[PDB]
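Structure first, then comments.
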Amino acid sequence: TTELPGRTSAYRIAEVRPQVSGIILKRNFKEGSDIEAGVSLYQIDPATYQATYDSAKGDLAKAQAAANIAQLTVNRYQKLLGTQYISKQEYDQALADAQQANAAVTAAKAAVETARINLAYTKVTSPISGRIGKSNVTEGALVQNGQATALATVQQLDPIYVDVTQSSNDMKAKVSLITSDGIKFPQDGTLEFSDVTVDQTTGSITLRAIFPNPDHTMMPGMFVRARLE
Amino acid sequence: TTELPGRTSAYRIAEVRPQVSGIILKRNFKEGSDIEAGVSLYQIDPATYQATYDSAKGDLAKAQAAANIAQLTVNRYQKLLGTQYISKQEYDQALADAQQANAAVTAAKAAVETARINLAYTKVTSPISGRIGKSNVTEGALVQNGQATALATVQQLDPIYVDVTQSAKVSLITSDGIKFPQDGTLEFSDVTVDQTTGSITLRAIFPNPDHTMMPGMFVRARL
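Order-wise, the sequence lines are chains A and B.
Residues 53 to 223, 241 to 298 (PDB author numbering) make up the first sequence, in order.
Residues 53 to 219, 242 to 297 (PDB author numbering) make up the second sequence, in order.
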């Protein structure tokens, strides 16, 4: 039974950004809709990346063949050491070829994994579940890894925050809202943590309430009346 | 049941971009016309891209044939393994050579794919169906994979959004005062809250079968 001015704000915010460059093949969400973490939001055309993957896998296959063939000649030569039929320089040379082929195998495995992860990142996702806004990018757009502007922003809409203020002069714990000049939000909130924010110049106490928002009806950035029991 | 002003925006927009560099051989659309997704909008000169592909496929066949020879050798070794003492060495050699011939195949298939994928891109298309605007590029222009400016922009019209500003069946009044023949729907689902201001925004949706409605035109919605 004491009401204060309040602002709603998001519990979690994440920007949707590409980790790989290319062309946006498709947008998978409606703007302003509820989204789940890890779901494909945009598909970057994966054709060229799929290829780099198939290529790198083919360099691996050649390299493993080359390594296997050289490994077999090391074994042949090893069992002929000490006999009329081979020399230590010959074996040492076969050893060198093997090592050389093995290094190639090494580097090729690296190339495959690199190109595998680029392929996977062609489906662009959000780290959190929430309400996605407008898309800042049209379909068929050129996106670059590391570009300034985010493609979209998602805001976690369930547990919602409400920042509340009282003056120095003003001075289990229920909080509730009058949504917009009358009607009351049918959810009850509590204070999030045993902590405050105090203003330096003017003596002031800002509190934070946390409300469940399962019907996804509260939005952040809303001016709201808040009362505390 | 009164009035709340709105403006129409496109349901979908797509930029048309080349994913392969070369010369624009032909433009296949008239500017301002209605287009279908996946139809060739521009043809980039495919000559070199074709040559690579045909060439790559030639390699694959050769590689494939060599694998046939190596596989046949391994089969013989296998079949004689139930009857004769065969050197593990002569056998691991046959296997090792089959592995090698197969790897050349795996390599050659990817060269076909790489070439196939570029060739496909000589036909430039839009991912969505819609109204195409002016072309940003003339015929015979040099286009580059990854260039900044898009070749053209296409806007989906047939279902159109109407956005309205605030402080279920929905119907329209066009700029002239006449009413729109098919009416739309408003969802409490989709919203937007302009925090830079604290303003509300609802998105309405209307069929536009006759393409008469255009994006960016000032509208008068009813409820």
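Backbone N, C-alpha and C fix where the C-beta goes; we use that ideal spot for every residue, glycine too.
Note to self: Check whether chain B comes within 8 Å of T190(A), counting only Cβ atoms and requiring the distance to be less than that.
What the structure shows: For this step, residue 190(A) is matched to residue 138 along the first sequence. It does: the Cβ of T190(A) has a partner Cβ on chain B nearer than 8 Å.
Next item on the list: Tell me where the alpha helix (DSSP H) around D149(B) begins and ends.
Entry: By 1-based counting over the second sequence, the position of residue 149(B) is 97. Here the alpha helix (DSSP H) through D149(B) covers 140–172.
Margin query: Run through chain A and tell me which residues come within less than 9 Å of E88(B), C-beta to C-beta.
Written below: Counting from 1 along the second sequence, the entry for residue 88(B) is found at position 36. Those do not exist, as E88(B) stays about 15 Å from chain A at its closest Cβ, beyond 9 Å.
Check: Quick one: which chain A residues come within Cβ less than 8 Å of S178(B)?
Finding: Translated into the one-based positions of the second sequence, residue 178(B) becomes position 126. Going along chain A in sequence order, the residues near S178(B) (Cβ under 8 Å) are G192.
Next item on the list: Rank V126(B), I76(B), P57(B) by C-alpha distance to the C-alpha of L194(B) and give the top, closest one.
Entry: Residue mapping note: residue 194(B) aligns to position 142 of the second sequence, counting from 1. Of the candidates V126(B), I76(B), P57(B), the one whose C-alpha sits nearest the C-alpha of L194(B) is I76(B).
Check: Got a sec: is the Cβ-Cβ distance from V91(B) to anything in chain A below 8 Å?
Finding: Looking up residue 91(B) in the second sequence gives position 39. Cβ-Cβ to chain A under 8 Å: no for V91(B).
Check: Looking only at its own chain, which residues have a Cβ that is under 7 Å from the Cβ of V189(B), when we skip the five neighbours before and after it?
Finding: Your numbering for residue 189(B) matches position 137 in the second sequence. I76, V195, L203.
Margin query: Measuring only the C-alpha atoms, how far is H285(A) from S178(A)?
Written below: The sequence position of residue 285(A) within the first sequence is 216, counting from 1. The sequence position of residue 178(A) within the first sequence is 126, counting from 1. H285(A) and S178(A): Cα-Cα distance of roughly 18 Å.
Margin query: Between which residues of its own chain and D149(B) is the CB-CB distance below 6 Å, once the five residues before and five after are set aside?
Written below: As a first step, residue 149(B) is located in the second sequence; it is residue number 97 there, counting from the start. Once the five neighbours on either side are set aside, the close Cβ partners of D149(B) are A122.
Checklist line | Selection from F262(B), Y94(B), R183(B), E165(B) that minimises the alpha carbon distance to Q102(B) | finding: Working through the second sequence from its first residue, we reach residue 102(B) at position 50. The residue with the shortest Cα to Cα distance from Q102(B) is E165(B).
Next item on the list: Indicate whether at least one CB of chain B lies closer than 8 Å to the CB of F292(A).
Entry: On the first sequence, position 223 is the one that residue 292(A) refers to. Yes, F292(A) lies at the interface with chain B (some Cβ there is under 8 Å from its Cβ).
Note to self: Does the contact criterion of 3 or more C-beta pairs under 8 Å hold for the segment 169–187 of chain B versus the segment 53–71 of chain B?
What the structure shows: yes
Next item on the list: Count the other CB atoms, across all protein chains shown, that sit within 10 Å of the CB of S139(A); report buried if there are 16 or more and exposed otherwise.
Entry: Mapped onto the first sequence, residue 139(A) falls at position 87. So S139(A) counts as exposed.
Next item on the list: Go ahead and pull the three-state DSSP assignment for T270(B).
Entry: One-based indexing of the second sequence puts residue 270(B) at position 196. Correct three-state label for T270(B): coil.
Check: Just checking, does the segment 87–98 of chain A make contact with the segment 108–127 of chain B on the three C-beta pairs under 8 Å criterion?
Finding: no
Notebook entry, point to check: Taking the alpha-carbon positions, what's the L171(B) to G74(B) distance?
Noted result: By 1-based counting over the second sequence, the position of residue 171(B) is 119. By 1-based counting over the second sequence, the position of residue 74(B) is 22. Each residue's Cα considered, the two are about 11 Å apart.
Next item on the list: Indicate whether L112(A) and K161(A) have their beta-carbon atoms separated by less than 8 Å.
Entry: Locating residue 112(A) in the first sequence gives position 60, counting from the first residue. Locating residue 161(A) in the first sequence gives position 109, counting from the first residue. Yes. Within cutoff.
Check: Do we get a CB-CB distance below 8 Å when we pair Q136(B) with the residues of chain A?
Finding: Residue 136(B) sits at position 84 when you count from the first residue of the second sequence. So, not an interface residue.
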